[PDB]
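A.B. asks: This is the structure, below, for whatever I ask next.
Chains as they are written, first to last, in the entry's author numbering: chain H, 1 to 133, 137 to 216; chain L, 1 to 197, 204 to 210.
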């Protein structure tokens, strides 16, 4: 299968210099044009430029002519994206994509770049049980005070999909706060064992919080 | 730099209805245009290429028309899982450019939320801070007011609201309202309540 693995979430300070990577597998990048795209929170797609690994040739959307510098290593099947003089304006999700020449048939999972002075901080995870209360039973998880984005939240380690709602994080202070809700039938909550799993890679934090009344 | 004007910015239709999205290029791109679909927190997925060709795995109800400088994406029989943002991209010449996109939403039938107020936790209280999260789940339309009442009155402290994107299955929206407080400020008053417009749920 054709895949494109991108480097992990990165938090760096203003004025720094980064170089994100996009590693191909299942095909040879020497054969395609690879592209880089930027996408800010709840906003559109913006191409930065592309490269032809064969000869090393590149072309950039003029907006990025002095911000970005795309490179490739045919040996390692890897494409890079360098961004200099970082500002908060550069904080966003970056994607690499293969261009067959008719469309973009493969996209990397994307890399989350945060430009800020804030320090990495693990979240606290507080279970949210009813405490009062009946056909349905809703309970939630509360991920408070982590930085930078993002965090992932699962229940029973993946088991139980529907009846799930994870709300987008908001800045409660210098940090992020996020909540998630699950909805299992009455008989379950009690007897069963409902837990939420949190992952905050940026601080190699993993946590499981068993719900309790 | 060939510019791409995409239209409309956002729109809604009821299931079954058909929507048409358009993109116009600043010059003739000779059908070297493609459409994409992007759902929330997800990467984009190719929909059409060469103006009219469907991509693999893509349904029939998605079709592309136009030529020259004018192009359009038509989705005939609208499905609740069609909620997303669509982008056109032109490769008539480098640098290639995307349209500003169209945010498409499903126009279903009114639906009241399912509220669930939650009391701060001990571990949280273990730290000088308390939060009272309220969940308003699966409702439509998306707009809604959220009011909190400490005991019987409304006093300033701190409220934060977060909405999920539209549901692929039932086409509803969900929101969380979290009342923030300092531990000791919480250990005073007694009847906390979150209202929605009314609808109420509370605890002592």
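Quick reminder that beta carbons are idealized off the backbone N, C-alpha and C, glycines included.
Given that residue 59 of chain H touches chain A, what residues does it touch there, using C-beta distances under 8 Å?
C.D. replies: Considering every chain present, this structure includes no chain A. Its protein chains are H and L.
A.B. asks: Between the region 167-194 of chain L and chain H, which residues of the former have CB atoms less than 8 Å from a CB of the latter, in chain order?
C.D. replies: Result list: 169, 174, 175, 176, 178 and 180.
A.B. asks: Any contact of the region 111-129 of chain L with the region 19-26 of chain L, i.e. 3+ C-beta pairs under 8 Å?
C.D. replies: no
A.B. asks: Going along the chain, which residues of its own chain have a beta-carbon closer than 8 Å to the beta-carbon of residue 213 of chain H, five neighbours each way excluded?
C.D. replies: Counting only Cβ-Cβ distances below 8 Å, and skipping sequence neighbours, we find 127, 196, 197 and 198.
A.B. asks: Under 8 Å Cβ-Cβ, which residues of chain H neighbour residue 160 of chain L?
C.D. replies: Here the neighbours are 173, 175 and 180.
A.B. asks: Could you check how far apart the C-beta atoms of residue 111 of chain L and residue 139 of chain L are, in whole angstroms? I think they sit under 8 Å.
C.D. replies: 5 Å
A.B. asks: Expressed to the nearest angstrom, what Euclidean distance is found between the alpha-carbon atoms of residue 143 of chain L and residue 137 of chain L?
C.D. replies: 13 Å
A.B. asks: Within the 7 Å Cβ cut-off, does residue 64 of chain H reach chain L?
C.D. replies: no
A.B. asks: Mind checking who residue 203 of chain L pairs with in its DSSP beta bridge?
C.D. replies: Position 197 is followed directly by 204 in chain L, which means residue 203 of chain L is not present among the coordinates.
A.B. asks: Return the chain-ordered list of same chain residues with a C-beta closer than 6 Å to the C-beta of residue 102 of chain H, the five sequence neighbours on each side being excluded.
C.D. replies: none
A.B. asks: Out of H:141, H:172 and H:95, state which residue places its alpha-carbon closest to the alpha-carbon of residue 45 of chain H.
C.D. replies: Taking only the C-alpha atoms, the option nearest residue 45 of chain H is H:95.
A.B. asks: Kindly list the residues whose CB is nearer than 7 Å to the CB of residue 134 of chain H, restricted to its own chain and excluding five residues on each side of it in sequence; keep chain order.
C.D. replies: No atoms are given for residue 134 of chain H, which sits in the stretch of chain H between 133 and 137 that the model skips.
A.B. asks: Quick one: does residue 128 of chain H have its CB under 7 Å from some CB of chain L?
C.D. replies: yes
A.B. asks: Using 7 Å as the limit for Cβ to Cβ distance, is residue 203 of chain H near chain L?
C.D. replies: no
A.B. asks: Using only the alpha-carbon positions, how far apart do residue 17 of chain L and residue 34 of chain L sit?
C.D. replies: 23 Å
A.B. asks: What number of angstroms, rounded off, separates the C-alpha of residue 163 of chain H from the C-alpha of residue 139 of chain H?
C.D. replies: 15 Å
A.B. asks: According to DSSP, is residue 139 of chain L part of a helix, a strand, or is it coil?
C.D. replies: strand
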